[PDB]
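Student: Pasting in a structure now, in structure tokens, and then I'll have a few things to ask.
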Amino acid sequence: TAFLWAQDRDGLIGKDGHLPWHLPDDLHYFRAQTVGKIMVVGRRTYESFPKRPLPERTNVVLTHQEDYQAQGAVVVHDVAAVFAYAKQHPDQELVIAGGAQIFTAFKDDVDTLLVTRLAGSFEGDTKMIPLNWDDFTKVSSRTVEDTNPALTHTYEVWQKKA
Ligand SMILES: COc1cc(Cc2c[nH+]c(N)nc2N)cc(OCCC[C@@H](CCC(=O)[O-])C(=O)[O-])c1Br
């Protein structure tokens, strides 16, 4: 199980229910780091995607609303249902794409971090949950420079030590 995110230099991930930046490169790598997988997102991050569902991947939406409707998405109500779905699934990798409340609900079962680090600093109200960095190794790092230098970003892959 991977966590799929993008943060500024201080850890910020969101502002007013939406992204605090607009960084097309990093949403091209959202679509294909989850083309094909089981993608888990919290109800509010699902409602803030422009197309609902975004296509070619299993969108699982985590909501406490018993009645919620999301045509074409897998609507569950606790973490045990996520993993009961993933157990049925097998051959699809599970990627937790946010936001903060859902990262906290899977904080013990993530093995890989897929983090995009912005060089700048943005204003908002939601930060990435604290994690033990010391328990992971950075395996891969690729940097992309943008003409807004706040937007220059690094894609890191981190994997959990034995
Ligand atoms: C709520 O705002 C968003 C937050 C994200 C969250 C996010 C972004 N980027 C990264 N790397 N990590 C994240 N956690 C994705 C997103 O739409 C992804 C949509 C991409 C399209 C393809 C787009 C394209 O390639 O131009 C898709 O179907 O996947 C939106 Br809109």
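Chain labels A, B, ... are given in the sequence in which chains occur in the structure tokens; within each chain residues are numbered consecutively from 1, and ligands are likewise numbered from 1 in the order shown.
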With a distance cut-off of 6 Å and only C-alpha atoms, select the neighbouring residues of range 92-104 of chain A, excluding the residue or stretch itself and same-chain residues fewer than 4 positions from it, and output the selection as a JSON list (two decimals) with C-alpha atoms, in the first residue's frame.
Tutor:
```
[["chain", "number", "residue", "atom", "x", "y", "z"],
["A", 1, "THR", "CA", 0.00, 0.00, 0.00],
["A", 2, "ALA", "CA", 1.33, 3.36, -1.23],
["A", 3, "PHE", "CA", 0.47, 6.97, -0.14],
["A", 4, "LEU", "CA", 0.05, 9.20, -3.33],
["A", 37, "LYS", "CA", -4.90, 0.55, -9.41],
["A", 38, "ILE", "CA", -7.38, 0.85, -6.51],
["A", 39, "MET", "CA", -7.33, 4.45, -5.73],
["A", 40, "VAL", "CA", -8.70, 5.52, -2.12],
["A", 41, "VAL", "CA", -9.76, 9.02, -1.48],
["A", 42, "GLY", "CA", -11.80, 10.69, 1.31]]
```
Student: Do you know which residues are within 8 Å of ligand 1 using only C-alpha atoms and all ligand atoms? Can you write them as a VMD selection string?
Tutor: chain A and resid 4 to 6 13 17 to 19 23 to 32 34 to 35 45 to 51 54 to 56 97 to 99 115 to 116
Student: Could you save the residues just selected, with C-alpha atoms, as a compact mmCIF listing (two decimals), in the first residue's frame?
Tutor:
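After the write, result.txt holds the following:
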```txt
# COMPACT_ATOMS: atom_id res chain seq x y z
CA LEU A 4 0.05 9.20 -3.33
CA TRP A 5 0.56 12.99 -2.48
CA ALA A 6 2.12 16.44 -3.36
CA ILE A 13 -1.32 19.86 0.90
CA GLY A 17 -11.09 22.06 -0.13
CA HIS A 18 -8.91 22.46 -3.19
CA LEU A 19 -5.12 22.37 -4.03
CA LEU A 23 0.76 22.02 -11.28
CA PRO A 24 -0.16 20.20 -14.43
CA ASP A 25 2.95 18.04 -14.60
CA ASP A 26 2.10 16.46 -11.15
CA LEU A 27 -1.56 15.73 -12.16
CA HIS A 28 -0.23 13.96 -15.37
CA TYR A 29 1.71 11.72 -12.80
CA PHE A 30 -1.57 11.49 -10.64
CA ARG A 31 -3.44 9.92 -13.69
CA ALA A 32 -0.68 7.27 -14.44
CA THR A 34 -2.96 5.39 -10.54
CA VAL A 35 -3.96 4.25 -14.19
CA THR A 45 -11.06 15.06 -1.99
CA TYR A 46 -13.39 12.97 -4.25
CA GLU A 47 -16.00 15.89 -4.59
CA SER A 48 -13.17 18.37 -5.42
CA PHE A 49 -11.95 16.31 -8.55
CA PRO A 50 -13.44 18.10 -11.78
CA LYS A 51 -14.60 14.75 -13.37
CA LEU A 54 -11.78 10.24 -12.86
CA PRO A 55 -11.49 7.15 -15.32
CA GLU A 56 -9.39 3.94 -15.88
CA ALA A 97 -4.47 9.49 -2.45
CA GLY A 98 -5.80 11.60 0.46
CA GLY A 99 -6.64 13.93 2.00
CA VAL A 115 5.72 12.27 -2.57
CA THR A 116 6.03 15.28 -4.94
```
Student: Contacts of residue 75 in chain A at 9 Å or less, counting only C-alpha atoms, minus same-chain residues fewer than 4 places along, as an mmCIF file with C-alpha atoms, in the first residue's frame?
Tutor:
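What ended up in around.cif:
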```cif
data_model
loop_
_atom_site.group_PDB
_atom_site.id
_atom_site.type_symbol
_atom_site.label_atom_id
_atom_site.label_comp_id
_atom_site.auth_asym_id
_atom_site.auth_seq_id
_atom_site.Cartn_x
_atom_site.Cartn_y
_atom_site.Cartn_z
ATOM 1 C CA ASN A 59 -12.079 5.033 -7.247
ATOM 2 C CA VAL A 60 -12.996 3.960 -3.709
ATOM 3 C CA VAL A 61 -14.555 6.828 -1.711
ATOM 4 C CA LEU A 62 -14.480 6.541 2.126
ATOM 5 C CA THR A 63 -17.658 8.499 3.614
ATOM 6 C CA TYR A 68 -23.940 8.725 -0.211
ATOM 7 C CA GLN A 69 -24.116 8.251 -3.942
ATOM 8 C CA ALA A 70 -21.234 8.133 -6.303
ATOM 9 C CA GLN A 71 -22.128 6.250 -9.548
#
```
Student: According to DSSP computed on the backbone, where in range 15-110 of chain A is there alpha helix (DSSP H)? Give the residues as a PyMOL selection string.
Tutor: chain A and resi 24-33+43-48+80-88+100-105
Student: Could you list, as a VMD selection string, every residue within 10 Å of range 143-151 of chain A, counting only C-alpha atoms and ignoring same-chain residues fewer than 6 positions away?
Tutor: chain A and resid 8 to 9 21 to 23 25 to 26 116 to 122
Student: Would you mind listing what lies within 10 Å of residue 138 in chain A as a list in words, with only C-alpha atoms counted and same-chain residues fewer than 3 positions away left out?
Tutor: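 Contacts, in chain order: residues 112, 113, 114, 133, 141, 156, 157, 158, 159 and 160 of chain A.
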Student: Suppose we keep N, CA, C and O atoms; can you now write the selection as a tab-separated table (two decimals), in the first residue's frame?
Tutor:
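Dumped everything to again.tsv:
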```tsv
chain	number	residue	atom	x	y	z
A	112	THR	N	4.95	2.37	1.09
A	112	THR	CA	5.72	3.19	0.13
A	112	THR	C	5.16	4.61	0.10
A	112	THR	O	3.88	4.74	0.15
A	113	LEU	N	6.05	5.54	0.00
A	113	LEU	CA	5.58	6.96	-0.10
A	113	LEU	C	5.85	7.47	-1.52
A	113	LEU	O	7.13	7.49	-1.78
A	114	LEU	N	4.89	7.95	-2.22
A	114	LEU	CA	5.06	8.58	-3.56
A	114	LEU	C	4.78	10.10	-3.23
A	114	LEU	O	3.61	10.46	-3.21
A	133	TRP	N	10.04	9.31	8.85
A	133	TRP	CA	10.88	9.36	7.66
A	133	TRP	C	12.00	8.35	7.91
A	133	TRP	O	12.56	7.88	6.97
A	141	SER	N	14.69	9.66	-6.87
A	141	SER	CA	14.34	11.11	-6.78
A	141	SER	C	14.47	11.66	-8.15
A	141	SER	O	15.44	11.31	-8.97
A	156	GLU	N	9.72	11.80	-5.39
A	156	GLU	CA	10.48	10.87	-4.57
A	156	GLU	C	9.60	9.60	-4.39
A	156	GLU	O	8.37	9.67	-4.29
A	157	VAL	N	10.41	8.50	-4.34
A	157	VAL	CA	9.80	7.13	-3.99
A	157	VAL	C	10.45	6.67	-2.67
A	157	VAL	O	11.71	6.67	-2.85
A	158	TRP	N	9.71	6.43	-1.63
A	158	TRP	CA	10.36	6.01	-0.47
A	158	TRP	C	9.78	4.62	-0.12
A	158	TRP	O	8.59	4.48	-0.28
A	159	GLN	N	10.65	3.73	0.37
A	159	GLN	CA	10.13	2.37	0.69
A	159	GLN	C	10.63	2.12	2.13
A	159	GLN	O	11.65	2.54	2.65
A	160	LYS	N	9.72	1.46	2.89
A	160	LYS	CA	9.78	1.13	4.33
A	160	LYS	C	10.98	0.13	4.60
A	160	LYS	O	11.15	-0.79	3.75
```
Student: Chain A: which residues are strand (DSSP E or B) by DSSP, as JSON, numbers by chain?
Tutor: {"A": [2, 3, 4, 5, 6, 7, 12, 13, 14, 15, 18, 38, 39, 40, 41, 42, 58, 59, 60, 61, 62, 74, 75, 76, 94, 95, 96, 112, 113, 114, 115, 116, 117, 118, 126, 127, 136, 137, 138, 139, 140, 141, 142, 143, 144, 153, 154, 155, 156, 157, 158, 159, 160]}
Student: Please produce a file of the residues just selected, as a short mmCIF file (atom, residue, chain, number, x, y, z; two decimals), in the first residue's frame, where the atoms kept are C-alpha atoms.
Tutor:
```
data_model
loop_
_atom_site.label_atom_id
_atom_site.label_comp_id
_atom_site.auth_asym_id
_atom_site.auth_seq_id
_atom_site.Cartn_x
_atom_site.Cartn_y
_atom_site.Cartn_z
CA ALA A 2 1.33 3.36 -1.23
CA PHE A 3 0.47 6.97 -0.14
CA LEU A 4 0.05 9.20 -3.33
CA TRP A 5 0.56 12.99 -2.48
CA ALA A 6 2.12 16.44 -3.36
CA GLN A 7 3.25 19.00 -0.65
CA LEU A 12 1.16 21.95 3.07
CA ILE A 13 -1.32 19.86 0.90
CA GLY A 14 -4.60 21.77 0.68
CA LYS A 15 -6.45 25.12 0.93
CA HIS A 18 -8.91 22.46 -3.19
CA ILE A 38 -7.38 0.85 -6.51
CA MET A 39 -7.33 4.45 -5.73
CA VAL A 40 -8.70 5.52 -2.12
CA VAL A 41 -9.76 9.02 -1.48
CA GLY A 42 -11.80 10.69 1.31
CA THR A 58 -11.06 1.96 -9.29
CA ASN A 59 -12.08 5.03 -7.25
CA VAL A 60 -13.00 3.96 -3.71
CA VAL A 61 -14.55 6.83 -1.71
CA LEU A 62 -14.48 6.54 2.13
CA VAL A 74 -16.89 1.96 -4.74
CA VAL A 75 -18.54 3.78 -1.82
CA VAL A 76 -17.46 2.23 1.70
CA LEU A 94 -3.75 -0.10 -3.38
CA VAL A 95 -2.86 3.63 -3.53
CA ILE A 96 -4.16 6.09 -0.76
CA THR A 112 5.72 3.19 0.13
CA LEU A 113 5.58 6.96 -0.10
CA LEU A 114 5.06 8.58 -3.56
CA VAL A 115 5.72 12.27 -2.57
CA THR A 116 6.03 15.28 -4.94
CA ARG A 117 7.92 18.04 -3.03
CA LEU A 118 7.36 21.71 -4.33
CA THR A 126 -4.31 21.29 5.47
CA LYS A 127 -0.78 19.72 5.95
CA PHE A 136 11.85 4.61 5.09
CA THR A 137 14.65 4.88 2.52
CA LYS A 138 14.47 7.37 -0.52
CA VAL A 139 14.98 5.00 -3.42
CA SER A 140 14.36 7.35 -6.36
CA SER A 141 14.34 11.11 -6.78
CA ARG A 142 13.67 12.96 -10.20
CA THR A 143 13.52 16.86 -10.25
CA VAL A 144 11.39 18.99 -12.73
CA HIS A 153 9.35 19.87 -7.84
CA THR A 154 10.99 16.64 -7.03
CA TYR A 155 9.20 13.16 -7.37
CA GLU A 156 10.48 10.87 -4.57
CA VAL A 157 9.80 7.13 -3.99
CA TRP A 158 10.36 6.01 -0.47
CA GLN A 159 10.13 2.37 0.69
CA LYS A 160 9.78 1.13 4.33
#
```
Student: Do you know which residues are at most 10 Å from residue 131 in chain A counting only C-alpha atoms, after dropping those on the same chain fewer than 3 positions away, and could you put them as number ranges by chain?
Tutor: A: 104, 107-108, 128, 134-136
